[PDB]
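Two forms, one chain: they're shown below as C-alpha cells, one block per form, named structure 1 and structure 2.
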Structure 1
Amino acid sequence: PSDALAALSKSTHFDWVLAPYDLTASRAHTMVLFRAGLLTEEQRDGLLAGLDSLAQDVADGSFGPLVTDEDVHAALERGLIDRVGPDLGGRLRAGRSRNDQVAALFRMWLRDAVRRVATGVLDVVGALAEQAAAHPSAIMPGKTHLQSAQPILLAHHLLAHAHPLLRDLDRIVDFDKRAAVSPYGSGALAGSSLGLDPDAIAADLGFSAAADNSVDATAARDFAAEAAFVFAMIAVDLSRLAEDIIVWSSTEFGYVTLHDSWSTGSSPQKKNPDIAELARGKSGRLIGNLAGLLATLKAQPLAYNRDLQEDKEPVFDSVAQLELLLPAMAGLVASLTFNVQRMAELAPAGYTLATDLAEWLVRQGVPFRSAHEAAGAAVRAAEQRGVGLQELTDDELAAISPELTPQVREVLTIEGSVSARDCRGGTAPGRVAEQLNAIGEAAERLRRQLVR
C-alpha cells in the first residue's frame, strides 16, 4: 500500500468503537466453527481465552490500534495473533468476510445506540411533562404564524412537543425490528461452503433472525439510512422546541427566564439560550448526515462496495450529537422558569377571544360567516375604545347584532375560553390531564417494547 492509499483506507479512528462487538462476535464465531467440527476443543478454548484476554486489554485501553492498522478488524487480529499463535489466530476468519462482519457489528452498535438515544428522548418528554404538570392553569396566547390566535394552556403548548418525540420513539421501535437481522454467515456475498449455522450465531449475538439473502445482507444499508432518518426527525423536533424557547427567552416576549447553569453569557450582561440554539443549528447538521448517506447509498451496484464504509461516520456523528443534545435540552427545559403573569396578560391581547364570540353566535343559531362578521365589528368597537370585548356596552353589543346579548359576556374571558374546549385534543385542563396520563403510558409502553 502507498502513503496516500493507507491514509484514505485507514478507518481505525472512527471504527475502534466497534472493537468490543467484534470480539463478542468473534467469540460466538469460534463456537460456530467448533460446532461445525472445524476446531478441536483446545483450539476452541485457545481462541476463547485469547479473545477474553483481548477484550480485557481493550476495555482498559491496554490494546489499541497501531498506525499500521487499516481497520478495527485487522488490528484485533494483530492482537489475537499476538496472544495465541498466528496459526490458531488465523483459523478464525474461516467462513466469514470483512463484509458480513462489519455490517453485523454496525448493527449491534446501532441497536444499542438507538436505545441510548431513546433514553434521552424520554428525558426530554419527562421534562416537558413535568413542566406541563407544574403549570396546570397558566394561560398564554396560542400562536399560529407567531401571531396571537387563541388562548391556550401553557401545558397544552408544552405537551405538543412531547407528542412528536414519542412518535420518534415509536419509530425507533419500528427501526429496531429491521435492525435485528444478522448477516453473520454470508461471508463475502454468497455464503460459505463450510458448514456454519447462521441462525445459531444470530441467536448468540442477540438478533431475531438471520438474513434470507447473503447478497442482500452484505450490500444493503437501508437500516442505516432509516436510523439516519430517525435521528434527523428527532433533531428537527428538538429544533421546533428550541425555536419556542429562544423566542420565549427574548426580552420582548419575556415568557421564560433562563437559569444560569443552563445559559451562557458574553465576552457583557447577557443570558443567552445557547443549548436551544445549538439544538437548532445541529438539526441542520443531522439533516446533512441523512441526505449525504442516501446520496452515498444511491446507484450502488450489488453487492458490497467500499463506498459502503461511508455508512458509519454519518450515523456515528448523528448519534453523538443527540447524546449531547437530549440531556441538555431536558435540563434546559427542566430549568425554565415561566413568567405566568406575563403570559396571561398577553393571552387576550390582539382580541384572541374574538372567535369565542363568533362561536357563541353559532350556538344561538347565527351562520358562521355572519358571526365571524359580527365578531369583527366588535373587535373594532373595542379596539377604538381601548377596551376588552367583555367591556362593550349592551347597546353597542346590540348594534353589532340583535342576537348579541349581555349573556355573551359570560364567555369572553380567557379562563372560560380555555375551558369550553373540552373535546379530545382540546386545551381544557381536564383533557390536558388525560393527555398527560396517556403520555405517561405511551412512554412506558414504548420503553418496554424496546427492552422486549
Structure 2
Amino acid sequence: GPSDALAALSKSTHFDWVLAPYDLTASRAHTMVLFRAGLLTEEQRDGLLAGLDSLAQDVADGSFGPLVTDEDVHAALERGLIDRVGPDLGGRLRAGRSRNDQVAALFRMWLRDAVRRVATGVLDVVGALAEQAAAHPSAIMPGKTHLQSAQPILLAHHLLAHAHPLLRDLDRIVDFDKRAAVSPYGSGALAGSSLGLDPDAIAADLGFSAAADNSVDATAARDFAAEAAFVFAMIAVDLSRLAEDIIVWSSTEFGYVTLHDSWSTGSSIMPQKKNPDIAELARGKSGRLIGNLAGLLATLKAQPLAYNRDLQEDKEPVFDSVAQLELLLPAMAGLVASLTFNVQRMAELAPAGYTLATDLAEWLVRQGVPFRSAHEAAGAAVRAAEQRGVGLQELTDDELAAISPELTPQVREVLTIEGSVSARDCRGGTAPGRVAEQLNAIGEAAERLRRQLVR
C-alpha cells in the first residue's frame, strides 16, 4: 500500500470536511441516477437514501467524523454509509461514479453557498456605512489627497466612497456565479460518462444552472476558483482602504473618530486610549488573501490536460480566503456602526491653509474670468488675508473689490465650508442635494444586487 509519507501528503480531511454535506447531497443524487439507470431496486434505493439520511444526521451532530486512515471526505463518508447499511448495499453506490467530476462539482456547490455568505457580510458593511452617512448628513471634513487637505467634503460623501467599491464587488459576485453554476457531473474521469446518465437532469437536481460543454475542461479547469480568489482578494483590499482611513482617523493626532470599547482594545492604565485592532487585522489579512490568489494562479499555471493531482491544491487557498472574510466582514460592520465622529475636530480642519482660495478661483472662472487671472486673484486674496491674520471670508467688500472688480461680495458664497461643498452640485458631487440622491441610489443598488443573488 501507500508509504507513510505518501498517505500523509495526500490526506485532505483536515480541510475538506466542510464538503461533507455536499458529498452526501451528491450521493443522494447519484442514488437517483442509478435508479433511473435500472441499477438499483426501489428497496435498494430507499435503503441507500435512509442510510444517507442517517449519516447526514451523524455528520451534523458530530457523532460521525473522519479517522486518521481516511484519505478524504468522500472515503470517510463511504465508510460511514457501509457502517450503516452494510457493504453489500453500500458498495452499490460505487457504480457509475468518478472522483474527478465529483470533486469539481462539490467545490462549486460549496463555493456558491460561500460566496453568498460573503456577499451577506459585504451588504452588512455597506449597510453600516450607509447608516452612519444618514446619521451624519451635514458633518463637513477635509477631503484628503496625499493625506493632505484639499476641498472640504461631507463626511457622508467620504463614508459612501467606501460603499461603492463593495457594491462593485457584489456585482463581481453576481457575474462570477453564472460561471460557477455549471455542473461537471457526468463528465467522468475525463472523457464523459459511458453510463447513459443525463448531465442536464443531474445538474438541475444539484442546483446548478446547466451542465458542462466539455468533459475534459469540466474536470481539468479551475478558473472558477481563481476568479473567486480574485473577488475575495478585491473585497479584502477594499476593506483595507476603509481600514487605513479608520486607523488614521483614530490616531489621537487626527482625532476624527472615537472607537467603541467593544470594538477595540484598550490600555490597562491609559484611560481613553483605544486601538483599531479590527481595522489593523483587516489591513494585514488583505495581504494574506492577495497571496492566496497569486499562489492559486501559480498552481494552475502550465497544467497539461486533463486532471492532475496539482488540482487538489485548488481548495485550501479559497477556503482560507472565505474563512477570513467571514470573520472580517461582521467585525468591520460593527466597527463602522459603533464609531463616534468628532465633528468639531473635522470641521475646524476643513478650511485650514486657505484651501478655500481654490473655491474662490473656481468661482471667478465661472464668472467668465480667465483662469490665470482667477489664480492671481486667489493669490492676492490669500496674501491680503494673511496680512490681517484672517480667513478669506473675513476680507471686506472693499478689499475683495481692490484685488479685482470681479470679486463682488457674491464670492463669499464659496468662502464658507458649507458654501464650498454646496457649489459642487453635479452628479457625484459632495453637495448635500447630490449626496442625498447618491445615498438613495446605494439603497436601491444594494437591494437589486441582493435579489440577484437569491437562488
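Start at 1 and count along the sequence of structure 1; that gives the residue numbers used here. Each form is matched to the other, and the largest set of C-alpha atoms that superpose within 1.5 Å is called the rigid core.
Each of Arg424 and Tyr351 is a member of a different rigid part in the two-part motion between structure 1 and structure 2. This chain moves as two rigid pieces, and the smaller piece turns through 17° between structure 1 and structure 2. Core-superposed comparison between structure 1 and structure 2: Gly50 shows a Cα shift of 1.3 Å. Superposing the rigid core and comparing between structure 1 and structure 2 gives a CA shift of 2.1 Å at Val387. Relative to the superposed core, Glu396 has its Cα moved 4.7 Å between structure 1 and structure 2.
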